[PDB]
Structure formats: C-alpha cells, structure tokens
Amino acid sequence: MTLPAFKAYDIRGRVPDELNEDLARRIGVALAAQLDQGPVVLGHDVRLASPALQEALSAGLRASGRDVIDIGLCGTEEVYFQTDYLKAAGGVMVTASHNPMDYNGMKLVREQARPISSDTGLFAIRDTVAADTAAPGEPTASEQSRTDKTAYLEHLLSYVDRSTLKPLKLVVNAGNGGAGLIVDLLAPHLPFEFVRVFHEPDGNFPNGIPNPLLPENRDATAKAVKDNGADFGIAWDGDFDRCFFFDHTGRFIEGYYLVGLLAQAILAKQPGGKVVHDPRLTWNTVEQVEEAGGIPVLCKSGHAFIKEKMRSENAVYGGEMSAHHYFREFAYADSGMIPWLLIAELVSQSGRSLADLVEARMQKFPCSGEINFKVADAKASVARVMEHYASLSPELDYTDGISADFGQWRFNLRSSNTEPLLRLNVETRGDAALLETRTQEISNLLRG
Ligand SMILES: O=P(O)(O)OC[C@H]1O[C@H](O)[C@@H](O)[C@@H](O)[C@@H]1O
Ligand SMILES: [Mg+2]
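Residues numbered from 1 in each chain as written, not as in the entry; some residues may be left out. Chains lettered and ligands numbered in written order. Heavy atoms only, no water. Residues with missing side-chain atoms left out of burial classes, pairs and counts.

**Brief notes about the coordination of the magnesium ion (ligand 2)**
Note on the magnesium ion (ligand 2): its protein donors are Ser 97 (OG), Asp 237 (OD), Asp 239 (OD) and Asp 241 (OD). The metal-donor distances range over 2.0 to 2.1 Å. Sequence spacing of the donor residues for the magnesium ion (ligand 2), all on one chain, is S-x139-D-x1-D-x1-D. Of this pair, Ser 97 sits in the loop between β4 (90-94) and β5 (103-109) while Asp 241 sits in the loop between β9 (232-236) and β10 (243-246), and the two are 144 residues apart along the sequence. Across the pair, exposure class does not vary: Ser 97 and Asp 241 are buried alike. (Donors = N, O, S within 2.8 Å, 3.2 Å for Na, K, Ca; no water. Helix = DSSP H or I, 4+ residues; strand = E, 2+ residues; numbered from the N terminus. Buried < 20%, exposed > 50% of the residue type's maximum accessible area, 1.4 Å probe, protein only.)

Okay, structure coming up:
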C-alpha cells in the first residue's frame, strides 16, 4: 500500500501512526530534492504536535543543505506570503486546519508559493519517503528565526483606505486557532471595536475543534453578534485560510454570496480585471462580476486549479464558495484576513449593512447550500440522477463533476477531493419553491 497521510493536495493524518517526526524529517529530505535553489520557509499552527513536526521537517531540510526560515506560529497564508515575499525556494505549513485533536498535517508550496500537489511533486515526495531507508544525515545548513510580521501586516492593510473606515463593531471568533493573533496586531491600525470570541490560541481546543461550519460553533459567533449589536461577525478555521461571515442579525452568510461581493469590492480597485470562480454555484458571481465591469472565468474547484487559472489569466481575484478567497497581489494565494478587511471597508463606505449588501442577491439566486452524500455507489447514484433528468435536455458541463443547467435552475454534482463524498449544490433564478423541490428530488435519487 501507500502512506495514507499523503492526500491529493496536502499531507494529513493521525499522529503518530500516519504522521510522526520520522516521517516529517523524511519529508524535509525529499522536499529538498524537489525544489529549485533557495531557502525554505516553515511555519506551524496551534496544534500540540505542530512545533515538533516542524523541527523534524527543519532537520531533514538542513541535512539536505537547505537554509530554513522559521516564521513561527502563524496562519497558512503567512507561509504563502513569506515564501513569495522572501523569494524562498518553497515553504511548509504544519497544520491540520479544522481536523480533530489527534490529527496533524502539512501544506507544501514551491517558488512564489505555488502549490505542491499529488501530481505536482507531492506523490513523488511520498514515494521517496516511502522507500527512504537511509541513515539521517546531520544538518549542513542553518535555521534563522524570522517572526517579523510587518511586511505581512502592511500587505493586509494595503487593501483598504484606512481613512474611509468607520468604527464598526466586529465579532471575531478564532475558535482557539491562530486568527486572533493577527487581529490583535491589526487592531492598533484600525478604528474597529472587536468583540473577541474563543480568541486565545489553545491546541487543546476547549471550545471545540476550529470548524465554523459546525452549528454549535456557528452559534457562538451568531450569539456574540446579536448580544453585542455588532455590525457583523467573522469566524475562521484553525489555520485561518477560510473565513465565515455573519450579518448583524446573527445569520451566517453562505460563502457563495461573498464571491460576488468581494469581486465587486476588488473590481472597484482594479477595473476590468478577470475574476476566477468555481463551478459549484455560478450565476450570481457571473452577473455581479459582469455588472462591475470584470470578466468571470470558470474554473474547476480546488485551490491548486484556482491559483493556476488566476495566474494564467492575470486574474485580480478568485473565490470559492468553500470560503477560500484568492488575491493576485497576495502571491495569488488565499487569505482569511483580506476578505473581512474588504467587507469592513465596503460596509464603511457604502453605509449599507452586510445583510443588505447580500439580501437581494440571495433572493435573486437562492441556493441549497452544499449538501454532502456518502452513498454505496457514487457513480451509479450520479448516473441515476442524470438519467432522471435526461428528458429535459439540460445543458451539461464537465469542468468539475457534472453541472446541469435547466434554464431556471441548475445543479453541480461532484466528488470531493478531500473526503470520499459526493457534494451537491443547486440554485435557481429567484424561485425558492423550485429550489427545494429539485433539491429534494436529487437527494432522493442519490439515496436510491
Ligand atoms: O469540495 P472539496 O473537493 O472537498 O474541496 C473543498 C476545499 O478543500 C480545501 O479547503 C481547498 O482545497 C479548497 O480549494 C477546496 O474547495
Ligand atoms: Mg484551513
């Protein structure tokens, strides 16, 4: 067999049987042979095993002659930013994002923070590690500590005109991950009042693993918004590359609608630019990008595909509905921080609440939310759906699973790249009844 921790886009496994310091050191050795020349940036999240796994990575890297830039406890986007900003050969973030307590993992990038994925070097690294029985060498290169966040913070602040910001009251919920540290470093340069929930970094996760999609964790942000009269709330996953928004009523806003909203925010600053979007939910983004004078670019979901397409298109912004937002000047990388700064600026400048910024769009293109299915036979289940709707001759697109456009409604149905599940998304042209009846009909077919 093969090491189960090596996934399509990152390394993730239970410590210590699927991921451990020995494996981490071997990954450092193998990564060194995969990169162009230059040093390697290393950062890590709040999980208890993360520092030890990083040190092991560092040892393997340095045994292979790679200088190491240790940026310390950070978010994933800081590994992306520093890798590009410092013109490093590559970078590794030790993190398990939102996964349970007994899990860890790694996100690996090369020059300009370009992703290393299963077909772009990650499985080559796996196979090297799998067969490596060599005695560990000793370090022949140095590790430097580089925790200065100044350039990163300045880059974040450059997306907004600070003189236009209003003293909004913002709930922030780091979920005991790492986001609160960046919020607190940004706070002296911003007029906002922060209502801090689950703010302190704690890899024991006393308040639950950092996953804002869990309704119990969602409700902590919503309650703090409602109880404090906040303008809106923001939650993050543990490594804060994903951000989740709550309007002033406590309502969680589906990530889909943030894509069109952030695209309009960006296009005000970069007129005529291209905007990359995923195929799961599309109609609202296409319309809002076009209305704002931008050009929408359909792309397969997954950060590797999104970033590749943004690069080839010189795209100014890209967004998925899975709460990842990507910015050209941010090394084409995703940030959980840039989005809420932009939304705070848009609320401040427009005098509109976040709720009203999205309300008409939610009414115009209502969506099911992403619904996941673990079925006995995904392929037969998808076939059963397609056969049922064949007589309506939908317009079919195979960018990412199957997208079917029926005119007044459409769906996307695809296998996940991170779990063994089918993911369904449905949307309609302003028709909530058609949305529910078609969603339920597809669900029944899938469960057949
Ligand atoms: O729906 P999927 O394939 O499980 O991916 C969901 C998300 O996983 C990761 O967070 C990233 O790779 C995202 O780019 C992706 O959208
Ligand atoms: Mg994450």
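**Overview of the sheet that holds strand β14 (residues 317-319)**
As summarised here, the arrangement of the five strands in space is β13-β12-β14-β15-β16, forming an open sheet in which the pairing is mixed. The open sheet is flanked by β13 (295-298) and β16 (333-334), the only strands paired with a single partner. Along the sheet face, helix α8 (residues 255-269) touches β12 (274-277), β14 and β15 (325-327) and points at about 175° away from the line of β14. (Pairing = 2+ DSSP bridges. Contact = heavy atoms within 4.5 Å. Axes fitted to C-alpha atoms, helices over the stretch in contact; angles between N-to-C directions.)

**Overview of the site of ligand 1**
Taken together, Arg 280, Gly 302, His 303, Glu 320, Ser 322, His 324, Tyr 326, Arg 414, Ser 416, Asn 417, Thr 418 and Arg 423 form the complete shell of residues around ligand 1. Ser 322 places a polar side-chain atom, nitrogen or oxygen, 2.9 Å from an oxygen atom of ligand 1. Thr 418 is positioned such that a nitrogen or oxygen atom in its side chain is 2.6 Å from an oxygen atom of ligand 1. Taken together, the residues of the shell around ligand 1 sort by class into one nonpolar, seven polar and four charged. (Near = heavy atom within 4 Å. Polar contact = N/O pair within 3.5 Å; in protein donor to acceptor, adjacent residues only side chain to side chain. Nonpolar A, V, L, I, M, F, W, Y, C, P; charged D, E, K, R; others polar.)

**Details of the pattern of salt bridges**
For the coordinates displayed, the defined rule picks out 33 salt bridges. Close ionic contact of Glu 329 with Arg 328 constitutes a salt bridge, the shortest N to O distance being 2.8 Å. Residue class for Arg 328 comes out buried when judged on its relative accessible area of 15%. Salt bridges linked by common partners bring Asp 278, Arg 280, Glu 320, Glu 370, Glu 419 and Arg 423 together as one network. (Salt bridge = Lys/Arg side-chain N within 4 Å of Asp/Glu carboxyl O.)

**Points about the sheet that holds strand β8 (residues 193-197)**
In a beta sheet, neighbouring strands pair by backbone hydrogen bonds and run either parallel or antiparallel. Pairing in this open sheet of five strands is mixed, and the strands run β8-β7-β9-β10-β11 from one edge to the other. Both outer strands of the open sheet, β8 and β11 (252-253), are each paired with one neighbouring strand and no more. Relative to β8, strand β7 (residues 169-173) runs parallel, the two being bridged by five bridges. Each residue of the ladder has a partner; that of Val 171, found in β8, is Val 195.

**Considerations on the nonpolar core**
In this structure, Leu 186, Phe 232, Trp 236, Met 337 and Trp 340 are the most contacted members of the largest nonpolar core, which totals 63 residues. Of all the elements, α8 adds the most residues to this core, at nine residues. (Core = buried A, V, L, I, M, F, W, Y, C linked by side-chain atoms within 4.5 Å.)

**A word on helix α13 (residues 378-389)**
Spanning 12 residues, α13 covers 17 Å between terminal C-alpha atoms, matching the ideal 16 Å at 1.5 Å per step. Capping the start of α13 is the job of one residue whose side-chain oxygen sits 3.3 Å from the backbone nitrogen of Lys 379: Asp 377. (Expected span 1.5 Å × (residues − 1).)

**With respect to the domain arrangement of the chain**
Examined at the domain level, the chain breaks down into domain 1 (1-147), domain 2 (169-246), domain 3 (247-365) and domain 4 (366-448). Centre-to-centre, using C-alpha coordinates, domain 1 lies 27 Å away from domain 2. Counting each side, the surface lost to burial between domain 1 and domain 2 is near 1,300 Å², with a carbon and sulfur contribution of 62%. Sorting the residues of domain 1 by area buried against domain 2 places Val 46, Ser 97 and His 98 first, and these three jointly supply 39% of that buried surface. At the surface where domain 1 touches domain 2, the tally comes to zero salt bridges. (Domains from an automatic or database assignment. Buried area = accessible area lost by both parts, 1.4 Å probe.)

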